[PDB]
């Protein structure tokens, strides 16, 4: 009686045609969660570009800045699950920027200008060192998403 990771693709073997549409200013990394909940990096999309790709029903994707791992949205939410194509039409995955808090946006920029080695050189309140060092990552987001999921059910 072992649970499987809740955030994983279902192994359907049922093809689904999808168009990844990068409507962000970032280089996008598509991340596919495999059948064991392990994230797999896919080829990146430059900004302003769209690409018709081959996936499957019940597979699970998310999208990150390929340079910094900042989280992006897809169809206004965090995860994307293809269904079966109806009447010969592709499914669209519209990848956009979130409205970041000013704080997170500021952290993104400082992080882009300062090497992690040097964060504690900066003349700012100690707690911002912890914030700068807390790089966005998928592991953290999977945790957060699961937690939000469990909150919604309970």
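Residue numbers count along the first chain shown, from 1.
Asks: Which has higher Cα B-factors on average according to the PDB entry: 26 to 34 or 44 to 52?
Replies: Result: 44 to 52.
Asks: Could you check the entry and say whether 53 to 61 or 121 to 129 has the higher mean CA B-factor?
Replies: Between 121 to 129 and 53 to 61, it is 121 to 129 that shows the higher mean C-alpha B-factor.
Asks: Tell me, lowest, middle or highest third: where does the Cα B factor of residue 19 rank within its chain?
Replies: Bottom third by C-alpha B-factor.
Asks: Could you tell me which third, lowest, middle or highest, the C-alpha B-factor of residue 68 occupies within its chain?
Replies: Middle third - that is where residue 68 ends up once the chain's C-alpha B-factors are sorted.
Asks: Among the chain's modelled residues, which third holds the C-alpha B-factor of residue 84?
Replies: Its C-alpha B-factor belongs to the highest third of this chain's values.
Asks: Would the CA B-factor of residue 116 place it in the lowest, middle or highest third of its chain?
Replies: Highest third, going by the recorded CA B-factors of the chain.
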